[PDB]
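Below are two forms of the same protein chain, given as structure tokens: structure 1, then structure 2.
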Structure 1
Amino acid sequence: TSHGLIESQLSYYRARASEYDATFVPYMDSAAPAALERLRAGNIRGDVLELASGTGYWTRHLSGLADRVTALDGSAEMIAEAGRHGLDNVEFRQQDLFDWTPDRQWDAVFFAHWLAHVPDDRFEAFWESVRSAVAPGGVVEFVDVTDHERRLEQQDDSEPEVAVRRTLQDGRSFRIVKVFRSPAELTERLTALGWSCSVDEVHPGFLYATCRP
């Protein structure tokens, strides 16, 4: 995965910031009540770190559950959008998550629709930084798109193309990372990295994960 794909994906979200909520993540609206049952399970409490907060759709929920939220995003434009919710207990910080080392620790870490934008060759290092961010007794939780277990094997592709072309309505076009991972695949891969994981398809096409370091 070339650095061009990382930058073109960032630039994409930097440019999509104005119009983002006009479209949102496809069918996330269908899946939100199922994901919310997991989000409110009680692990999102105290000092909470959110990764890739975007326009702050999840940040609102976390704000309601946490004492304080630290919300990180690569796009200052996303941050400005998120500011319009006026959430008293949220601090925003701009941060390239592919070049990030936490300095403190938090009770819980959350991200929605971020991991699928992390290519396999960046997976492990992202997850090492996530590890250091988790306070003792803390949890990592995330939401993402998913596949049924067997699709990967039916497809049987030895060089999966991670890239997807997206095009705004102004006409400028971008390639982004889009890696659909099954609950089984993420569990295998994060177990190998030392996490204990409960990863579940909560609604067709969507997963929710709880990971303990």
Structure 2
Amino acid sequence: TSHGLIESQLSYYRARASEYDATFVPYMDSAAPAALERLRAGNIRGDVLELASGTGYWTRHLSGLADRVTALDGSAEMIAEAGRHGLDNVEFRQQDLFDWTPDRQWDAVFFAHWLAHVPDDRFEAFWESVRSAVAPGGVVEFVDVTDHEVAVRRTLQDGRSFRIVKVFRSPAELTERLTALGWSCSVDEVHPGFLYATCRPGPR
């Protein structure tokens, strides 16, 4: 995967930030209760890190569960949108997640719809950075879509064209891959098409 692809994908979300919620909210509505049940199940506690926080759809929920949230997104436009929620215990930071190495640790790491934007060749390095971010006894949870070209082309009507990574991975694929990377995982289809995963890092 090229930097061109990574930048294109990020640029798409920079362009979409102001209209993101109008699309995302009704998209997520049916699966939201099942996802929120797992989110509130007791692992999102203490100091929480969110990756690819977007408009703060999940950040709003994390803020209510955590003592403090650090929320990272590559788009300043997204961070600006996320500020609308007025969450007092959240620090937003602009960060390209493909350049990211943490300099502290958190009790829980959460991301929604992020992993499917991570191509196979960047998967291991991403999980190495996540591993470093997890405090002793910490946990990683995530939401994504299952599957039952690495990227899709999306062209806006003005002509802007983007490539966006779309690698939906099954519960079996995710469990197998994360096992291979030294994690223990439970990945469950909480609503048709939608997965919730809980992951614990092994000794290495």
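Residues that one form lacks are left out of the comparison. Here the rigid core means the biggest group of C-alpha atoms that line up within 1.5 Å when the two forms are laid on top of each other. Along the sequence of structure 1, residues get numbers from 1 upward.
Fit the rigid core and compare the CA positions between structures 1 and 2: of 45, 172, 60, 40, just 172 moves by 2 angstroms or more. Comparing the forms between structures 1 and 2 on their rigid core, the Cα displacement of residue 25 reaches 2 Å or more.
On a core-based overlay, residue 110 has a Cα shift of 0.2 Å between structures 1 and 2. Structural comparison between structures 1 and 2 after rigid-core fitting shows the C-alpha of residue 7 displaced 1.0 Å. Every Cα shifting by 2 Å or more, across three or more consecutive residues, marks a moved region; comparing between structures 1 and 2 on the rigid core, these regions are 1-3, 25-27, 165-173.
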